[PDB]
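Coordinate inspection notes
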Amino acid sequence: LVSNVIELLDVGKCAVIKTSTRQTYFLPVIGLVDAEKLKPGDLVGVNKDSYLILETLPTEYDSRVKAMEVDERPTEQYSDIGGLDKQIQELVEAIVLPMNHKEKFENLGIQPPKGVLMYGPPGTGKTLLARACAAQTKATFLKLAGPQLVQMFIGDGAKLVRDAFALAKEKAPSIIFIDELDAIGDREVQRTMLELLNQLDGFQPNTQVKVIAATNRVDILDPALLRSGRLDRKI
Amino acid sequence: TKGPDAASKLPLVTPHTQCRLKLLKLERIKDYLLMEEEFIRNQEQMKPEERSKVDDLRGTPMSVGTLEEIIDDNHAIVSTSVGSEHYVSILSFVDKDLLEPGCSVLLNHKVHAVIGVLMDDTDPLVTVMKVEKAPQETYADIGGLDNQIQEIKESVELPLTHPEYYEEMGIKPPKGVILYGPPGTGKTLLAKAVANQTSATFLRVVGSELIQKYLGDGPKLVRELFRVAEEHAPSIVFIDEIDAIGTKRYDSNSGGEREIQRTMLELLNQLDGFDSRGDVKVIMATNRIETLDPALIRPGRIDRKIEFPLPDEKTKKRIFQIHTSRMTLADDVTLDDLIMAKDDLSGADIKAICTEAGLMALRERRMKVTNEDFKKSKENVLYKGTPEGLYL
Amino acid sequence: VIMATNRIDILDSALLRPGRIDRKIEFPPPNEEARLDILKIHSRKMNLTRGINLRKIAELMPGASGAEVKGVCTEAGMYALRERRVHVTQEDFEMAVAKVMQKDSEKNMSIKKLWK
Amino acid sequence: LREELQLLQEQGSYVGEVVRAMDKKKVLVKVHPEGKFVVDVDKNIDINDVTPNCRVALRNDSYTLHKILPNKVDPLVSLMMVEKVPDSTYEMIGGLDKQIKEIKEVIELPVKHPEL
Amino acid sequence: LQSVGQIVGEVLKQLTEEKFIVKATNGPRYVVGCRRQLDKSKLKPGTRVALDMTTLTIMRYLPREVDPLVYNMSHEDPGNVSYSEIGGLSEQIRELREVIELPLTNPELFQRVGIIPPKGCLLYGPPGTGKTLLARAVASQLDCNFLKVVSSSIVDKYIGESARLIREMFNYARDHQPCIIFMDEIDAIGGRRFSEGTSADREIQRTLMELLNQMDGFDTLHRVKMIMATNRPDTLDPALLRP
Amino acid sequence: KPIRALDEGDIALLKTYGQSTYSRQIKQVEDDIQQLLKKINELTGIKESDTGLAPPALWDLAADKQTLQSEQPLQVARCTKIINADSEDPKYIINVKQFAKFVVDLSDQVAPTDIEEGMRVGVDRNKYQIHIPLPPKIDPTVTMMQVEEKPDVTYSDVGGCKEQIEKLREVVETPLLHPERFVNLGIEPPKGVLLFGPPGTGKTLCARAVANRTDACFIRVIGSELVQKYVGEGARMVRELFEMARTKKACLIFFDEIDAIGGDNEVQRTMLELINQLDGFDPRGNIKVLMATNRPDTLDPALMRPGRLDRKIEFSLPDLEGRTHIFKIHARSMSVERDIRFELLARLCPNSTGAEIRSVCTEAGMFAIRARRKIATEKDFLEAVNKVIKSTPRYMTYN
Amino acid sequence: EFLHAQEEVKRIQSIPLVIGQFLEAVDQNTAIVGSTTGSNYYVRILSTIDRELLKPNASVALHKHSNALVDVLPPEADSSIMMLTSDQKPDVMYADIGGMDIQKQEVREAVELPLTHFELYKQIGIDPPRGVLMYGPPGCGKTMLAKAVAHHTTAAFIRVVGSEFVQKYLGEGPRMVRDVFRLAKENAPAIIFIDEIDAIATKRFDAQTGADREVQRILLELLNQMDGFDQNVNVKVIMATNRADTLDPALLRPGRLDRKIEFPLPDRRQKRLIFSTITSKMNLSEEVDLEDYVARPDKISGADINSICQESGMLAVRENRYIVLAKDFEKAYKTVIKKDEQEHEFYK
Ligand SMILES: Nc1ncnc2c1ncn2[C@@H]1O[C@H](COP(=O)(O)OP(=O)(O)OP(=O)(O)O)[C@@H](O)[C@H]1O
Ligand SMILES: Nc1ncnc2c1ncn2[C@@H]1O[C@H](COP(=O)(O)OP(=O)(O)O)[C@@H](O)[C@H]1O
Ligand SMILES: Nc1ncnc2c1ncn2[C@@H]1O[C@H](COP(=O)(O)OP(=O)(O)O)[C@@H](O)[C@H]1O
Ligand SMILES: Nc1ncnc2c1ncn2[C@@H]1O[C@H](COP(=O)(O)OP(=O)(O)O)[C@@H](O)[C@H]1O
Ligand SMILES: Nc1ncnc2c1ncn2[C@@H]1O[C@H](COP(=O)(O)OP(=O)(O)O)[C@@H](O)[C@H]1O
Ligand SMILES: [Mg+2]
Ligand SMILES: [Mg+2]
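Residues numbered from 1 in each chain as written, not as in the entry; some residues may be left out. Chains lettered and ligands numbered in written order. Part of a larger assembly, values for the part shown. Heavy atoms only, no water. Residues with missing side-chain atoms left out of burial classes, pairs and counts.

Structure determination for this PDB entry is given in the record as cryo-EM, at a resolution of 2.98 Å.

Topic: the site of ligand 4
Residue and element names in this part refer to chain F. In the vicinity of ligand 4 lie 15 residues, with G159, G202, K203, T204 and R358 positioned nearest. The separation between an oxygen atom of ligand 4 and a polar side-chain atom of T204 is 2.6 Å. Burial of ligand 4 by the protein chains amounts to 80% of its free accessible area of 560 Å². Secondary-structure elements contributing two or more residues to the shell around ligand 4 are α6 (203-214), α11 (320-332) and α13 (354-370). Residue contributions to the shell around ligand 4 peak at three residues, all from α6. Split by residue class, the shell around ligand 4 holds five nonpolar, seven polar and three charged. (Near = heavy atom within 4 Å. Polar contact = N/O pair within 3.5 Å; in protein donor to acceptor, adjacent residues only side chain to side chain. Areas by Shrake-Rupley, 256 points an atom, 1.4 Å probe, with all protein chains shown as cover. Helix = DSSP H or I, 4+ residues; strand = E, 2+ residues; numbered from the N terminus. Nonpolar A, V, L, I, M, F, W, Y, C, P; charged D, E, K, R; others polar.)

Considering the interface of chain B and chain F
Contact residues are listed per partner, giving 68 residues for chain B and 70 residues for chain F. Summing the contributions of chain B and of chain F, the shared interface buries around 6,500 Å²; its carbon and sulfur component is 66%. Taken together, chain B and chain F are joined by five salt bridges. Of the charged contacts, one joins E37(B) and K39(F) as a salt bridge, the two residues approaching to 3.5 Å between their closest N and O atoms. At the boundary of chain B with chain F, the tally comes to 20 residue pairs in polar contact. It is helix α1 (residues 20-45) of chain B that provides the largest number of residues to the side of chain B that touches chain F, a total of 13 residues. (Contact = heavy atoms within 4.5 Å. Buried area = accessible area lost by both parts, 1.4 Å probe. Salt bridge = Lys/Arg side-chain N within 4 Å of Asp/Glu carboxyl O.)

As for the side chain of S174(A)
Residues and elements named next belong to chain A. Relative to the helices and strands, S174 is located in strand β8 (residues 174-178). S174 sits in the buried class, given a relative accessible area of 3%. A distance of 2.9 Å separates a polar side-chain atom of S174 from the backbone oxygen of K171. Apart from residues lying up to four places away in sequence, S174 is in contact with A139, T140, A168, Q208, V209 and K210. (Buried < 20%, exposed > 50% of the residue type's maximum accessible area, 1.4 Å probe, protein only.)

A look at the interface of chain G and chain C
The partner chain C presents 22 residues to the 21 residues of chain G that form the contact. A combined buried area of about 1,800 Å² lies between chain G and chain C, and 55% of that area is made up of carbon and sulfur atoms. It is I124(G), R204(G) and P254(G) in chain G that bury the most area against chain C; as a group they hold 29% of the surface buried on that side. The tally of links between chain G and chain C comes to three salt bridges. Linking chain G with chain C are six residue pairs in polar contact. Breaking the side of chain G that touches chain C down by element, the ones donating at least two residues are α2 (101-111) and α4 (118-124) of chain G. No other element matches α4(G), which puts four residues into the side of chain G that touches chain C.

So this is what it looks like as structure tokens:
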């Protein structure tokens, strides 16, 4: 019987679970399976009667991320993008060149760029170059929207952005992609960009997943985002 | 399908003036009722294998479920009232041709195989939602609204009576009609009058009644209501206060709002479900017409829109004549000064004015309402514009 | 059915409609005679002193609701209690009226003199 | 004591609303939340007394109609009955004489003498 | 294999020395006893507890359930940043070190001196001035529980949720003493309460009112020191700004 | 003047005083009438339901007893992730309706091949092992999926959308009728079009007209259906309908009211399944999809991306010639005079949708019925357009 | 045999038992109970159960395997809102609150004296105040006086904050108000303290959205619970606010808030009393002009005086000397009451 592990508690670890029969139970011992990873939310196959965790199952869909189509094969070879030679050279040298020469980066004792940024008039190929980079790097693509996030009530901060980043890191040849500028009463966007800065700044050491943060204009710029780390590589 | 089970509709006594003729008619009705009770009781008194074995096979108790699919002639997908659904068998004695997705199959308590079907399942809510005693109000009790009554009779009565004109002209009968106007204009009274004069099943619904706490109970209730209406054809469904659920459609976040939207989308779907040629019509009333969804009132769903304006001077005097038709007024009461006063008097306001005038008459130890009593009553019942002097 | 509210004007017209609500009774703040009646009702259990003129106390409460009259009685009783007595004098009622009906006025005379 | 101990060991009976008596042996009743069952009536209860929408009792798990219970009124609303009358009389109301008469002309007069 | 797991619920009342009213989560409530060897004196009302599935007796106690946003906000690694990585803040870092850590290291010094330890302080300044860094370093030095929350991220569309989140934050802080709640951008929740205002304006006032009562309110705070960072100290509410 | 409460003497006098001599008898008779009616309704009662017992010629009672004893009942569940069975992990997540979710093995009867994600699995009641897949067997003649082969409406019936009908003709005919032209022009045939315009403009009718002209069967799918009770296996719905379309000859897929679907877990399953049936299915097929909703933006952004729905046809409110053509089309099916000025009626209803026009014609018919006339006159149409359209100011300052 | 049978009847009342609501009595020995398991059962009432405690919706204990109405519980044992336990009681005494003699007296006359000397009120023949409003500038002693009242009370103290009432789910705020007042009623003479009452009790207006309507519903439920149809007995309610003028007039009337006690900023003598009562636990001040510090005209609340003393202690710790003198006390005074303006000169 499948259950959703609510949390793990220390006693030497105990976990409380919510079985799929809308019942919340406590476990002094964690079943017949290991108890180290045991993510707080990992679905577990618990006993039908004694309710002990026999074994753990693969993860589940988190709604919007399933709705957030991967389109894993973008089918580009840089022959689709034309006229942006300097731009794609910059993109390569900003994302994949540090990806393969991260050793030369830690020799310098500095961290690789954790995210590229571009800006320009609409329809100039910003998304096409993103898809091209995803193809040449065989990295998972996520087409996060910019105007869509401003709506959807208060909550499109650390509930979707974090959702977008989080489970991308296991099928992780990955390149998550911000799109048309967004607004980079007026308090929801403030929360959105606070989530952005304090989640992108909380990035991965090897940076196995990168962010590309295409926009539509250079008029509206947040220094907390356009700084180093978050969005410094600008094309 | 079984025909329309209309209301009781005891015959109307015409005099109503507390005279001998009223006594004669009422005594005649009482006489017929007595000879009816005598016959029913005496015929109750006079004159007195496989069925028992099939009852044994059914077992005890037998649960009631709703059929949803039929894979083969010996297997189906029934759903218990809880919400769970099972792949169950159909035993031989169950009459197959009655099995139709949406019926009420009788299920064995253990191994819920279909052992019978229930023609009448109607739950207590949809059962009380059906009119049994016709309201005493009648078109004679409605003052004014000649155009409104004419439109409602063209909409829910003319197709019911001789309808040959509708297909002679080639136009479809108006599927559903909605009444709107300021509160107290006659929207509910005009539905009472329809129920009193109808020859079809009348289903009164509060609108807010359809919403139910448990998940899936709202759409199920709406589906059962309209299934009863169709199965009870011809029938009329009066969903009063449609704005209780008819408000503007907006994106839902909470589960309850999702269930409300589900209930209304079910109601809209089932309104689309039956053909206009069908003898089931819907009647809806509201005060806030502007707050309704601009999809329930689509021309393809509810073509007619009967307006109920505040009564004019002649309609006001007609309503006053109707509501003072049972009073012992004097010869001094003009009743014209009141309908003169440019106010927003409605049918409800006029009825309350009459009641208050009666109470003033009682306050004077007299049973003959005078003009002074009406004068004080009008001011007493009228509650609550432009400053005096601006507009001459 | 009986209903009560302090804001009738915000009530819906479909609910205020006659036939659903007839005889919308208004409860205005008591006048001087009614205030005196309320004072005599709420001072029935007190130990008043000979020479008490509740009419003057009622005249001292212009536009005071019945609840404020009961509060005046209660505060006069408390003024008696503080001095550890059981009887209540006219002065006690006067200070009770002053305390209960105390309200913040327009401190700025300039604002108050906007209107003639 | 021994009889009470004996009847305290039998399981409680579910309550339910009989929507209609289908037959002189079967009764279809909705029980919350098990669902709707067509139960039988035991030897005691006469079915002609089983009226639609009346609260009943069904046995342990055989679901046999064995008692007719008073009509269903949910506790959240049955609490609104004023079982303990409050101690406030018209003699303790100052002013509001006209208001009292007006409220009596709608609350008392109709119920007392509807003939008028 | 031998274990059977346990029902978990919250104690509601202590009927007597043995009979406890316990409500299971998303289920019914019972009157239950407790295990023979157990500290009954701590089983307060509202304490999450575990029930044996069969006999339905108080099996063992549980720490109060932590809110998921509170969980994610409390389980973020500060990064054990030392004090050397601040620079040019000597006077201010010394002051904040005093006000926060001195009550957390030698409370007897404050007890002797004659004062109650101060309950928290404010760091205001232009963005990028390292107030977040300074608080993060304080937390690492103290090696205590640290709730790093950002105001304007606890606000919610639902009417009563932001104040509830503040309540849960401070309840965790009290449960996990010693603790330092760093609320950044307090300028968001804290804002001179004013009348008029849209529903949102009022909702934020209600939240500020909770924060205020949750800091200096009937229930005194202990070993829970707060650090609040903002760029617009001038717009903060006087009641919040009050000592 | 203080009101005086009615004394008991006043109550007694007022009751009797002036009254009909018959009034007592009338009141008693009426009360007895009500009591008698209640008594009749009490003594009729007990109407026999007579449950669905077939005639005894069909009862094999022994066989029903044996099937009651033997045939186990299986609860119906919705399957989920296969959890990489591959004969090493033959387990699946199954959601047993409102009861719960479980992870269950197969049965000896079933095989792994016919069990995948998303179809209706009949699980047992002890071990909950999947014992028989139950495909929804939808083929829904009881609901939507119009499945109309040759709609009665034709090219003449649609009026006013001449530019619209021409764009539709191009996209869904020139590849369909002249594939060789697109092949020798080196371009994939138009994968589909999104017919967007204000509701009631007639886009559905224009699509059905071209369907009748193409002689390709017209499939209309509603969205509210699979938002309401028939949710979940909607992926299998579209799977089977696309499959039978492949079995069918040249077709015309049409999604109306698809805004409900586009605007999401089972819903998301529905559109990724149609992605599998549009991108995965070769774009050269004759099952051309005709997308149509008022909303031009609510459609999911991954849907109109190139290699998919390729163009958009913008329907607009009919013009004067369009309005008079619609009026003539709708009045052809009516008993009216031969000298009706339909141009006049088209003029009198500017910015009026086609549905408004059909409602105007219906109201004209009702107005003719009102005067009990078998033929509707121009005055009836004028009054109908006065009633429907507009739901001194324009006559006293304008002239 | 009677002893054995009585033992068996006592044993059936053992634990565990499922809680249920006594819906309605049918017979002398049977009843209808709605078990908390979500079902309604027709069960048998134990004879030993006292009957007049068996009121509708009263929480009763049912036998686990038979649902028999085994025993009845205290009327509001399963209350969602918790009271103030003995350990939760604050340690602030009336002595620690310097000054505000009139404020203390006016609170006590409504929250303390009626509970201990009700015979005085009965002799005078007046209703003791049931409800006091505690308003004034921030940090002038309101919540401290509430804490002190909770310390020096034999009542069942219920502490709530105004914002706590506002719930996410619709109709849960008024429900919480109803439950807290019902808990106070069913308990002994009780005190309800609602800090920051103006979070929910702002002046009613024409609400145009669901949230505002719900907040006004909470306020209306508070009003109808305080002075509604069914009056409360021995239930005193204390509410503190910073802005009394924004409170609804229906809340600010006698019978609901009989006394609106103002807590002004300390003046002269009050400042001296506050300084003395806060510096009592302080070390000796080596003869600093505390009376002159008091004499300085400054609009500072008691919280500011506590801050001045706290700052003095911090400075003394920082410079490592346990005995405060005028230097660090003066620096603390300047720091606390800074009142920095910098305002452009054209304004004044
Ligand atoms: N035209 C009329 N002639 C006579 N009486 C009328 C008329 N219109 C209204 N009334 C009186 O008004 C009373 C209330 O009217 P009704 O119930 O029809 O209102 P409604 O318009 O449906 O109101 P609401 O939408 O506010 O519920 C009726 O009982 C009837 O006595
Ligand atoms: N240099 C280019 N070469 C080829 N195609 C381009 C180029 N620039 C833009 N496009 C076309 O424009 C579209 C991408 O627009 P883009 O600017 O990426 O979207 P947005 O502005 O919405 O982010 C693609 O269809 C792509 O074929
Ligand atoms: N003394 C300092 N003042 C300001 N910034 C500093 C200091 N030392 C380091 N930093 C840099 O500033 C960043 C701190 O950001 P943060 O604390 O969020 O600033 P703020 O508190 O203004 O939001 C660190 O990433 C660090 O690289
Ligand atoms: N151009 C047109 N010619 C003839 N009838 C039309 C036209 N446009 C709309 N209609 C009428 O509209 C009605 C249905 O409209 P529909 O096609 O459902 O609107 P939508 O554009 O929303 O699909 C039909 O009765 C049809 O006769
Ligand atoms: N009269 C007083 N005597 C001593 N200390 C006081 C006095 N008034 C206020 N204080 C100090 O101020 C604080 C009171 O704050 P509080 O009463 O909660 O403010 P509010 O008025 O906002 O409730 C106490 O911690 C106390 O140290
Ligand atoms: Mg009505
Ligand atoms: Mg306070």
